[PDB]
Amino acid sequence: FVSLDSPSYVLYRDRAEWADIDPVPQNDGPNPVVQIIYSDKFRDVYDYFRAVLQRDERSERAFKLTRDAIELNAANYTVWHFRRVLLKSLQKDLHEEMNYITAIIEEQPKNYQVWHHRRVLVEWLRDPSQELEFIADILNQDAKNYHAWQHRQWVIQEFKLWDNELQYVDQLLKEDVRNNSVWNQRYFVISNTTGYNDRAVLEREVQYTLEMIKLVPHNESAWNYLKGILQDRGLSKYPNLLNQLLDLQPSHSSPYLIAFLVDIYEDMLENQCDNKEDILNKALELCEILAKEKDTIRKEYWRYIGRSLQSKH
């Protein structure tokens, strides 16, 4: 009907259709703390929200009131819960509510309540037809919105919409190969579809990642993904990777490559590798290089790794 900023907006205490119910003031006690000096409009809406809540009035007027309460503070989970109780009791059109939550999230995308409300609606409707496109629009504004990605994973997994997500991942990595949220989605998609046990898939992923690394040597996300898809089996289980990284050291070096070498040596020593002494010495030299020159911010960590290696091998 009328928004909080509309020129014809009227305070609830002045609305004739609300005269039959007394507003319920918030009781902060005689000597309040962290007391918020609310604007007149804010207090007005909440004095009436408190009245309808206390009265558990499942009405259309109460339903419209929650919209104003939400605009005043979209983080008020109590209002959101009551609004959902009303959607149910009043048998409100859920597609209309979806259009509402769509506009709300667009305005305030970094908020837990709005995304949960949308999930509940999708669950009630069992209709995910608008999700991937809507989420894509949110991500087009902030490619790393955590709630957006989380909601995306839920929808995809709950309604089995895996078919085009890898293509989506590839497009976003093209726009920003440093987007860690996208590399995460990549792992999410592959592990839940083909899995990484298929050696053809793993090879494709390793090649893809190595190519991204050559293009942007200092992008940590690609390095982390490379380790991520090989760590469970053990980095030392991939002998060719060590050689390839070794050849790049002189040129495409970096603390990421050096650290990866240490991770490989660590696993090698853990698996009774040949030339144990030689590997240990190489690993310790690299730990020192990292701690003293190439990754000094992590000196304590690298010193610890050096000592751990000696205590174990």
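Definition used throughout: the rigid core is the maximal C-alpha set that superposes within 1.5 Å between two forms. In this text, residue numbers run from 1 along the sequence as written.
Between 248-256 and 274-282, which has the larger RMS C-alpha deviation from this form in 9 other deposited structures of this protein after core superposition?
Stretch with the higher C-alpha RMS distance in 9 other deposited structures of this protein: 248-256.
Please compare 87-95 with 184-192 and say which has the higher mean C-alpha temperature factor in the record.
Taking the mean C-alpha B-factor of 87-95 and of 184-192, the larger value falls to 87-95.
Which wins on mean Cα temperature factor, 303-311 or 2-10?
Of 2-10 and 303-311, the stretch with the higher C-alpha B-factor average is 2-10.
Reading the B-factor column of the entry, which of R233, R118, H147, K227 has the highest value at its C-alpha atom?
Comparing C-alpha B-factors across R233, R118, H147, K227, the maximum falls on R233.
Per the coordinate record, which of the options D142, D198, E205, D176 holds the highest CA temperature factor?
Each of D142, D198, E205, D176 was compared by C-alpha B-factor; the highest is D198.
Once the chain's modelled residues are ordered by C-alpha B factor and cut into thirds, is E123 in the lowest, middle or highest one?
CA B-factor rank for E123: middle third.
Sorting by Cα B-factor within the chain, modelled residues only, which third would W154 end up in: lowest, middle or highest?
Within its chain, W154 is a lowest-third residue by C-alpha B-factor, going by the deposited values.
Is the Cα B-factor recorded for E266 in the lowest, middle or highest third of its chain?
For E266, the deposited C-alpha B-factor lands in the middle third.
Tell me, lowest, middle or highest third: where does the Cα B factor of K294 rank within its chain?
Its C-alpha B-factor, which the entry lists for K294, ranks in the middle third among residues of this chain.
Grab the CA temperature factor for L242 from the record and place it in the lowest, middle or highest third of its chain.
Answer is highest: the recorded C-alpha B-factor places it there.
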